Number of protein chains: 2
Amino acid sequence: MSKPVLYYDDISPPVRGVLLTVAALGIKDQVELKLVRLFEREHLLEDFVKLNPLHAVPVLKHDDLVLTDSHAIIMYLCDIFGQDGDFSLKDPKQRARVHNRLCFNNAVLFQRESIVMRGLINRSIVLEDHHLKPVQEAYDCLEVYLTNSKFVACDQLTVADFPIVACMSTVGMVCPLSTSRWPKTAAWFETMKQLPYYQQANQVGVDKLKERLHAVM
Amino acid sequence: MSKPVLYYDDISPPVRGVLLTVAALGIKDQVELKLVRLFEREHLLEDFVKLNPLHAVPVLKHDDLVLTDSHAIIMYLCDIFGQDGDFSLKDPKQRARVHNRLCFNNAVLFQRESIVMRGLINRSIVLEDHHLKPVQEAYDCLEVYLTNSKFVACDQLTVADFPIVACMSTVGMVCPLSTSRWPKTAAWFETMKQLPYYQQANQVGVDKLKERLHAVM
Ligand SMILES: O=c1cc(-c2ccc(O)c(O)c2)oc2cc(O)cc(O)c12
Ligand SMILES: O=c1cc(-c2ccc(O)c(O)c2)oc2cc(O)cc(O)c12
Ligand SMILES: N[C@@H](CCC(=O)N[C@@H](CS)C(=O)NCC(=O)O)C(=O)O
Ligand SMILES: N[C@@H](CCC(=O)N[C@@H](CS)C(=O)NCC(=O)O)C(=O)O
Ligand SMILES: [Ca+2]
Ligand SMILES: [Ca+2]
Ligand SMILES: [Ca+2]
Ligand SMILES: [Ca+2]
Ligand SMILES: [Ca+2]
Ligand SMILES: [Ca+2]
Ligand SMILES: [Ca+2]
Ligand SMILES: [Ca+2]
């Protein structure tokens, strides 16, 4: 009878990875949302900093549990809401396959794209090929993964596809996928855009960020 | 009867997080090691790149499972070797608490310290206060965590303490902990250095890196 509370701003790819997960698990009505707007600096308020000293979104509070990383939020939601469904992580090797690709997103893809995007928002940068090489190297890895399995972690859609597509749909606005160069990734990307919950859970926030990018450029 | 194989170089903090975990779980005799030496560029050999397109250590192979992130390796080893022991992740909230701090290491602490250390090794940088501010901000977060619990994830030692101490003992060589400024973290650090397996699993590799740092400086 205790509902997790997701502190969020959907311009954020980490947040949209969680929103995609919530919709895919069918648990929109079980997870309360609390908006923490980055542009208005609500993530720097004293209450939120006390909740998360990293002053970042997303955060999940569930009773006394406070999770402060989208990838930990996603695996936890899988454990308590998805054990007996298509997204289950009950099997140890399947859990590790999915966790391995969550780590790829958190430590590789998201790190490299947020350097580029944050720099454009804050105006540190104004786009040499040097900036996009790390992103393109991450695309190369993703292309290998999607050559060996149909989705990022295995032949079925898993929660690991959601943080990655949230990032891909963001950095794609400055480093677009070439179908000739990354054909498996381009086809996987088109497939994820056809998921019924993609528009509400990811595209809305992507559109907001695109507007901020066109204002800064 | 199938032994996981850890591809490793102990100069790496991610690798040493795993070596600490292996020793703490008491499974040194169950995990085979295969040396992949970074300085000699063994991580760029065709076989290793095929195994891991990120061309990085550590990698764990267990039958057909290939894990390519230390934090995924650590949780998997917990699942298959530590279910009924002091490091167990069977409980969903405990798993999420531990995973949350693994994410902090992978996405915050390790990211910020590897920028500084890689730059010193490759000679991109030669140490303004600008470089160490992100590390000190990560120390500030760690200090909050260790104010609220005795170890990084809860009041017991968990596998999340190991990747973090591996990083702390590395970046500490250029950004040392002040006991007056981060007292809980300094005391936690001294406590981890007293673990019986710390010298072999972490200090050996730290010493090797210290020598490379003094050669480049
Ligand atoms: O750290 C911030 C990060 C971002 C952000 C937004 C979209 C991305 O795809 C991304 O990788 C980062 O947007 C902000 C917007 C703000 O007003 C203040 C901030 O600190 C941030
Ligand atoms: O990427 C590399 C990273 C490192 C490394 C070593 C110690 C650290 O605490 C760290 O954060 C990174 O050492 C290398 C050493 C090499 O010879 C080649 C490399 O690519 C690397
Ligand atoms: N690894 C974290 C990253 C979270 C993160 O960096 N969020 C950004 C937005 S994309 C944020 O809230 N930044 C605000 C700040 O850094 O002050 C996760 O996946 O949750
Ligand atoms: N998030 C990864 C990071 C692994 C990583 O970056 N390893 C470095 C050494 S610390 C490496 O092997 N770098 C070689 C390269 O990038 O070519 C993990 O935790 O396993
Ligand atoms: Ca409601
Ligand atoms: Ca307003
Ligand atoms: Ca309040
Ligand atoms: Ca208050
Ligand atoms: Ca042996
Ligand atoms: Ca040699
Ligand atoms: Ca071979
Ligand atoms: Ca070969």
Side-chain angles (χ1 to χ4, degrees), chain A residues 7-9 12 14-15 36 38 41-49 51-60 64-73 76 103 106-107 110-111 114-115 118, chain B residues 13-14 17 70-71 74 96-117 131-132 134-136 138-149 151-155 157-183 185-192:
Chain A
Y7 296 75
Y8 86 103
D9 186 340
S12 166
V15 165
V36 175
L38 297 177
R41 305 190 293 268
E42 294 180 348
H43 59 302
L44 302 177
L45 290 169
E46 183 278 330
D47 282 338
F48 192 74
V49 173
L51 184 63
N52 181 12
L54 297 161
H55 54 80
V57 291
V59 168
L60 193 85
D64 284 328
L65 184 72
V66 181
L67 304 177
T68 57
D69 190 304
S70 67
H71 304 86
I73 293 170
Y76 177 68
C103 291
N106 206 15
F110 171 66
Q111 295 307 318
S114 69
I115 273 163
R118 263 193 281 100
Chain B
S70 67
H71 304 86
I74 285 164
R97 291 184 199 101
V98 168
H99 184 206
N100 191 56
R101 300 301 192 232
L102 295 171
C103 291
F104 167 80
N105 190 63
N106 206 15
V108 183
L109 184 56
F110 171 66
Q111 295 307 318
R112 292 168 184 188
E113 74 93 24
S114 69
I115 273 163
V116 172
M117 299 312 279
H131 306 89
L132 300 172
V135 171
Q136 289 168 327
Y139 288 0
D140 290 336
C141 292
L142 187 52
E143 182 73 7
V144 170
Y145 308 153
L146 291 164
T147 300
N148 295 324
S149 59
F151 293 87
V152 300
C154 68
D155 287 321
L157 182 70
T158 67
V159 295
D161 295 273
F162 299 133
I164 292 173
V165 79
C167 284
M168 284 315 270
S169 63
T170 306
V171 69
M173 299 182 341
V174 311
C175 186
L177 277 167
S178 171
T179 279
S180 64
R181 181 169 174 180
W182 302 285
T185 305
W188 162 91
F189 192 22
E190 292 305 305
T191 297
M192 306 266 315

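Side chains are part of it too, since the values below use all heavy atoms of this structure and drop only hydrogens, waters and symmetry mates. Naming: A, B, ... by sequence-line order, numbering from 1 per chain.
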B/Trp182 and B/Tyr139 aromatic ring geometry - parallel, tilted or perpendicular at 30°/60° bounds: perpendicular
Non-hydrogen side-chain atoms of B/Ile164 and B/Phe104 separated by less than 4.5 Å: yes
Listed partners of B/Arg101 passing side chain to side chain donor-acceptor pair (under 3.5 Å), at least two apart: none
SG-CD distance between B/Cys175 and B/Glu113, expressed to the nearest 0.5 angstrom: 10.5 Å
CG-CZ distance between B/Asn105 and B/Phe110, expressed to the nearest 0.5 angstrom: 8.5 Å
Beyond-backbone contact of A/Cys103 with A/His71, side-chain heavy atoms, under 4.5 angstrom: no
Distance (rounded to the nearest 0.5 Å) between B/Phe162 CZ and B/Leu157 CG: 4.5 Å
Taking every non-hydrogen atom, the tightest pair across A/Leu67 and B/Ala96: CD2-O, 3.6 Å
Backbone of B/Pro134 reached by a side-chain donor or acceptor of B/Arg112 within 3.5 Å: yes
B/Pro163 side chain reached by B/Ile74 side chain, heavy atoms, under 4.5 Å: yes
Heavy-atom check, side chain of A/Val66 versus side chain of A/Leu60, under 4.5 Å: no
Side-chain donor or acceptor of A/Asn52 paired with backbone N/O of A/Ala56 under 3.5 Å: yes
Close side-chain approach of B/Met117 and B/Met173, heavy atoms under 4.5 Å: yes
Gap between atom CD1 of A/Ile73 and atom OG1 of A/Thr68 - 0.5 Å precision: 7.5 Å
Minimum-distance pair of heavy atoms, taken over all atoms of B/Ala153 and B/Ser149: C-OG, 3.9 Å
Under 3.5 Å: donor-acceptor pair, side chain of B/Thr170, backbone of B/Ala166: yes
Exam field: side chain B/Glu143 to backbone B/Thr185, donor-acceptor pair closer than 3.5 Å: yes
Minimum side-chain heavy-atom gap B/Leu142-B/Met168 below 4.5 Å: yes
Donor-acceptor under 3.5 Å (A/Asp69 side chain, B/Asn100 main chain): no
A/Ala107 backbone acceptor or donor facing B/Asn106 side chain under 3.5 Å: no
Partner residues of A/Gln111 under the side chain to side chain donor-acceptor pair (under 3.5 Å) criterion, sequence neighbours left out: none
Mutual orientation of the aromatic rings belonging to A/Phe48 and A/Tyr7 [parallel < 30°, tilted 30-60°, perpendicular > 60°]: tilted
Side-chain touch B/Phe151/B/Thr158, heavy atoms, less than 4.5 angstrom: no
Value rounded to 0.5 Å, distance of CD in B/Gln136 from CG in B/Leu177: 10.0 Å
B/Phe189 vs B/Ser169 side-chain heavy atoms within contact, under 4.5 Å: yes
